[PDB]
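Everything below concerns the one structure shown next.
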Amino acid sequence: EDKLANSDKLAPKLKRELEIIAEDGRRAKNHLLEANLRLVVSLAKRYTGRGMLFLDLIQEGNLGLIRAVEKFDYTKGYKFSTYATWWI
DNA sequence: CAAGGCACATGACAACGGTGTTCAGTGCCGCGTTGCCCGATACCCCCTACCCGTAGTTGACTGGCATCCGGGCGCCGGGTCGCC
């Protein structure tokens, strides 16, 4: 998608291939998000009972997880579950 | 005895007496209005102290919560699956 964003002309087939791999990356993103939805529910339960509805805390944890995924990469030699909980 | 001569007073004649009025000019005391002079007060500036919003923090850590019955009472009204 970075290459697609550039104004320089790319012939259409390679641009479509770039879009396809970008869509596959988005699907991987969604897979990771659904994988850790369980993580945030436990973390939100870790903070329930303080004037905020449990499902509202779960949604806010979902937002934090979205941030963590958008800022997570394998360059760190650690699992995702360790890096996520801080941002959650 | 009648006519002509001299005294005192007399028809007017202005000008003083004394006092009252005229324009006018200017003040003389009463009532009210005005420039100062300051003094405080709103209103620009500079400085830093502290409130408040945003963004990171990497061992691992991946599904909870306690409900709820002793109304009571009846009806409406619809759903809901058997029934033959």
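Ordered as shown in the structure tokens, chains take letters A, B, and onward, while each chain numbers its residues from 1 and ligands are numbered from 1 in the order shown.
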
At a cut-off of 12 Å, can you tabulate as JSON lines every residue of chain B near chain A together with its closest atom pair and the distance in Å to one decimal, using only C-alpha atoms (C1' of nucleotides) and ordering rows by chain then number?
{"residue": "B:55", "atom": "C1'", "partner": "A:87", "partner_atom": "CA", "distance": 10.8}
{"residue": "B:56", "atom": "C1'", "partner": "A:87", "partner_atom": "CA", "distance": 9.2}
{"residue": "B:57", "atom": "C1'", "partner": "A:86", "partner_atom": "CA", "distance": 7.1}
{"residue": "B:58", "atom": "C1'", "partner": "A:83", "partner_atom": "CA", "distance": 5.1}
{"residue": "B:59", "atom": "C1'", "partner": "A:82", "partner_atom": "CA", "distance": 8.3}
{"residue": "B:60", "atom": "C1'", "partner": "A:82", "partner_atom": "CA", "distance": 6.6}
{"residue": "B:61", "atom": "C1'", "partner": "A:82", "partner_atom": "CA", "distance": 7.3}
{"residue": "B:62", "atom": "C1'", "partner": "A:39", "partner_atom": "CA", "distance": 4.3}
{"residue": "B:63", "atom": "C1'", "partner": "A:38", "partner_atom": "CA", "distance": 6.5}
{"residue": "B:64", "atom": "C1'", "partner": "A:45", "partner_atom": "CA", "distance": 6.9}
{"residue": "B:65", "atom": "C1'", "partner": "A:54", "partner_atom": "CA", "distance": 9.5}

Output C-alpha atoms (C1' of nucleotides) of each residue in that selection to a file, as a PDB file, in the first residue's frame.
ATOM      1  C1'  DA B  55       2.299   9.190  24.240  1.00  0.00           C
ATOM      2  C1'  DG B  56       5.104   5.560  25.707  1.00  0.00           C
ATOM      3  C1'  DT B  57       6.105   1.565  29.191  1.00  0.00           C
ATOM      4  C1'  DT B  58       8.073  -5.338  25.973  1.00  0.00           C
ATOM      5  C1'  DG B  59       9.866 -12.541  30.519  1.00  0.00           C
ATOM      6  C1'  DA B  60       5.072 -14.548  30.333  1.00  0.00           C
ATOM      7  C1'  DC B  61       0.128 -13.396  31.738  1.00  0.00           C
ATOM      8  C1'  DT B  62      -6.342 -15.549  26.011  1.00  0.00           C
ATOM      9  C1'  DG B  63     -13.955 -16.300  28.704  1.00  0.00           C
ATOM     10  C1'  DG B  64     -16.940 -13.443  33.732  1.00  0.00           C
ATOM     11  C1'  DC B  65     -20.905 -12.003  36.528  1.00  0.00           C
TER      12       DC B  65
END

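Atom to atom, CA of residue 70 (chain A) and CA of residue 15 (chain A) stand 23.2 Å apart.
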
Near residue 63 (chain A), within 9 Å and counting only C-alpha atoms (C1' of nucleotides), which residues show up once chain neighbours fewer than 5 positions away are dropped, as a list in words?
->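 My reading of the contact set: residues 58, 68 and 88 of chain A.
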
To one decimal in Å, tell me the separation between CA of residue 27 (chain A) and CA of residue 2 (chain A).
->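 That distance, rounded to one decimal, is 17.4 Å.
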